[PDB]
Amino acid sequence: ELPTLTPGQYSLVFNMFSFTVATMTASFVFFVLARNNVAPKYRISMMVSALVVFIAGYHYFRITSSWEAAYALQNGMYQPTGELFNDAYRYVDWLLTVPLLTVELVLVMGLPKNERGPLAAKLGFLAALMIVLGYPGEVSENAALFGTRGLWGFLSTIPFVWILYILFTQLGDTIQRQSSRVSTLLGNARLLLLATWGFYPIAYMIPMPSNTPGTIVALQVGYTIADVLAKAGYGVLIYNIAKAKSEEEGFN
Ligand SMILES: CC1=C(/C=C/C(C)=C/C=C/C(C)=C/C=C/C=C(C)/C=C/C=C(C)/C=C/C=C(C)/C=C/[C@H](O)C(C)(C)O[C@@H]2O[C@@H](COC(=O)CCCCCCCCCCCC(C)C)[C@@H](O)[C@H](O)[C@H]2O)C(C)(C)CCC1=O
Ligand SMILES: *C/C=C(C)/C=C/C=C(C)/C=C/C1=C(C)CCCC1(C)C
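Those letters in the sequence shown? Residues 4 to 211, 218 to 261, by the entry's author numbering.
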């Protein structure tokens, strides 16, 4: 039973969702169109990045719709309509997009081709498992650290740190081995991943006021900003990495 909202709280969220649907659609066309601005060996990362924002565009379209159908303007206030606001769309969006986000980065990393598929496979499945393990905790009724939410948050953190560990301490021989420009861009993408991905378990723990206007607005706005940055913003960095590499490899 979502709380009644002021026009300002309702509109801030609604426009934020609408902006994200527009931004993901633009990113999809940009990444699709960008396919041909990079060498052939990197067009796969661009198709993966286009898939990521297409899937997020679609889910945010569902999210925007659900938000609107869940409220009605009555006397200068947005009152719950009885229709449920579905939070699952974002969770399903994470399950499908997080593995691809890791594969994208692996493909522009500059690893020898005998190391590329194994790393994409390991990181992609660790990311999927991280989301799977978070599931029981997110649908949990009790937000206790010493309870269901803390248990699954802990289990899910395992594959998460495992991924972070690999990106920050198991690849050095590769990033450092790149030109300054590329090494820099790659370092920035890894850092953007840490910062944006880091937001999610932090928001997960905050509960550890359930449904007051201020808490739903803050959470929806925070998750939406993080999703935009972790997928569209991050995709732009992946694109500039593929581009710079393509130019170095004297490609036209
Ligand atoms: C869930 C749960 C649990 C688990 C909890 C867990 C796992 C919690 C985990 C928390 C985590 C992982 C938190 C992580 C936090 C990470 C943070 C705060 C990272 C901050 C990073 C910062 C401030 C980075 C600054 C980087 C800078 C100034 C870089 C400068 C570059 O060298 C420059 C030269 C400027 O790069 C240029 O800009 C580039 C542009 O890209 C960039 O500038 C890259 C952007 C990267 C910056 C990211 C900052 C985002 C803000 C942080 C938000 C905080 C949120 C986490 C709340 C290129 O355009 C140019 O080509 C390049 O030359 C338990 C407790 C275990 C159990 C219970 C339970 O349930
Ligand atoms: C576009 C969506 C992205 C980048 C989503 C990333 C989500 C995570 C890194 C989620 C992590 C979680 C944990 C590390 C533990 C607690 C439960 C989760 C699923 C919120």
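All residues carry an ideal CB built from backbone N, CA and C; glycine is no exception.
Can you check the segment 73-144 for any alpha helix (DSSP H) of at least 4 residues that lies completely inside it and give the ranges in chain order? 91-111 and 116-141
Straight-line Cα distance separating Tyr13 from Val24: 17 Å
For the putative contact between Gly156 and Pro204, defined by C-beta atoms under 8 Å, what is the C-beta separation to the nearest angstrom? 7 Å
Taking the C-alpha atoms as reference points, what is the distance between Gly244 and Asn39? 16 Å
Tell me which residues share the same chain as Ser183 and place their Cβ nearer than 7 Å to its Cβ, disregarding the 5 neighbours each side in the sequence. none
Alpha carbon to alpha carbon, how far is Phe88 from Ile66? Give it in angstroms, no decimals. 8 Å
Should the segment 70-77 be regarded as contacting the segment 113-127, the criterion being three or more beta carbon pairs within less than 8 Å? no
Can you give me the start and stop residues for the alpha helix (DSSP H) that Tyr203 sits inside? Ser183 to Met208
Once the 5 residues before and after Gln179 are set aside, which same chain residues still bring their CB inside 7 Å of it? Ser186
Contact between the segment 42-49 and the segment 89-99 is defined here as three or more beta-carbon pairs at a separation below 8 Å; is this criterion met? no
Rounded to whole angstroms, what is the Cα-Cα separation between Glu256 and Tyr207? 41 Å
In whole angstroms, give me the CA-to-CA distance for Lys252 and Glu118. 21 Å
Within a Cβ cutoff of 8 Å, which residues of the same chain sit near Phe64, ignoring the five residues on either side of it in sequence? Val24
Can you name the residues that DSSP bridges to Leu8? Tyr81
Other residues of its chain near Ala37: CB distance less than 8 Å, five sequence neighbours each side excluded: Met49 and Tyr248
Is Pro102 near ligand 2, in the sense that its beta carbon is under 7 Å from a heavy atom of that ligand? no
Starting from the C-beta of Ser143, find all residues in its chain whose C-beta is less than 6 Å away, skip the five residues before and the five after it, and write them out in chain order. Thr151 and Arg152
Along the alpha helix (DSSP H) that carries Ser219, what are the first and last residues, could you check? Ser219 -> no alpha helix (DSSP H), and no H or E assigned at all.
Does the Cβ of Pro204 lie closer than 7 Å to at least one heavy atom of ligand 2? yes
Quick one: what does DSSP say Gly259 is sitting in, helix, strand or coil? coil
Check whether the segment 19-35 touches the segment 232-240, counting contact only when three or more Cβ pairs, one atom from each stretch, lie closer than 8 Å. yes
Between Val230 and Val56, how many whole angstroms is the CB-CB distance? I'm expecting something under 8 Å. Not really, about 19 Å apart at Cβ, beyond 8 Å.
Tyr74 and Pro83 - do their beta-carbons sit closer together than 8 Å? yes
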